[PDB]
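To begin, one chain is listed below as structure tokens, in the form deposited in one PDB entry.
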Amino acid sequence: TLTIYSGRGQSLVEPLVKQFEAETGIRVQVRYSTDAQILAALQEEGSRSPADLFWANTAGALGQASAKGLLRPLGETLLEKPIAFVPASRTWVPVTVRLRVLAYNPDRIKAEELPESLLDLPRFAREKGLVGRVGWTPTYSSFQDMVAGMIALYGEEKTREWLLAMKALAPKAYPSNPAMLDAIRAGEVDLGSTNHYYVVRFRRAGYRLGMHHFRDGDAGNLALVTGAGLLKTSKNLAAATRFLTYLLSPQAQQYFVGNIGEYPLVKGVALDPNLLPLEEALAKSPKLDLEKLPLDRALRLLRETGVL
């Protein structure tokens, strides 16, 4: 048997788990919860936890688990598979990466006019007369990561300035990224920060949608790393390691880029046009320790500014 605690969504995970089970004969039980809830549970359970693996939606959650000493060091065979994003701790393996990007309506917005920094987006919107025509997703986990990245790069006060300047635009808040991109398509708003794969999915369906990257190193290009780690409490380490190895296999990695639209981290997969090279995504991303993103400070700041 194998028990996985998954902070990743059931619709994304289940097909891979079902396939693993079918091909190895290993019985897999999955708990579907949030990264945050899983962290709380593992702290609660202590040495008592039934979990073998933590498959997280975020590097930040794996960093936390590592910091709490929950994760088992991984070996070089596994850790040499991913092209990039291997944590310093070497206590979990990265599995995919996703990028913050700026989606926009190309009929209303000229690519060449967009700012090279996310920090200058509010000034752009003001100048271009986009009051009420900017979208955002304040309740969305990756938006909150992006705000955390801004705090890490620029400090809380510059981030506060940006948040209040965004608020001053009377932006429209959407409950989901597809809702926001539908609104961009519809011309209700002209641009909004999102994850790259939402744009990919819209383009695969036939919808022309702009995707803007900020200059290399900008907070607006935050790399959103997913990954998995072996829990020290695991009584099924061999089976768990086999599953981690499977997640980094070409067929699983093809599922990630194809079915999900995320960046795969290994060679031997057929790569998208709607993606820039993986090496370029890394180059463009802000240079931060992704295990230490100050998410708690971001949430506090979002509440204090009235954004949340």
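Numbers follow the displayed sequence, beginning with 1.
Just going by the entry, 202-210 versus 141-149 on mean CA temperature factor gives the higher value to 202-210.
The mean Cα B-factor in the deposited entry runs higher for 26-34 than for the other of 26-34 and 53-61.
The PDB entry assigns the greatest CA B-factor among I109, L118, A165, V134 to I109. The residue among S193, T233, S176, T226 whose C-alpha carries the highest B-factor in the deposited model is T233. Looking at the C-alpha B-factors along this chain, the one for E161 belongs to the lowest third.
Sort the chain's modelled residues by C-alpha temperature factor and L114 lands in the middle third, per the entry. When the modelled residues of the chain are ordered by their C-alpha B factor, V17 lands in the middle third. Sort the modelled residues of the chain by CA B factor and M180 lands in the middle third. Sorting the modelled residues of the chain by their CA temperature factor places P87 in the highest third.
Below, we refer to the form deposited in another entry, which is not included among the displayed structures.
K235 lies in a different rigid part from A205 when the motion between the shown form and the other one is split into two rigid parts. Here's the thing about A51 and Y140: their CA atoms end up at least 3 Å closer in that other deposited form than they are in this form. Distance between the C-alpha atoms of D272 and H213: longer in that other deposited form than here (change of 3 Å or more).
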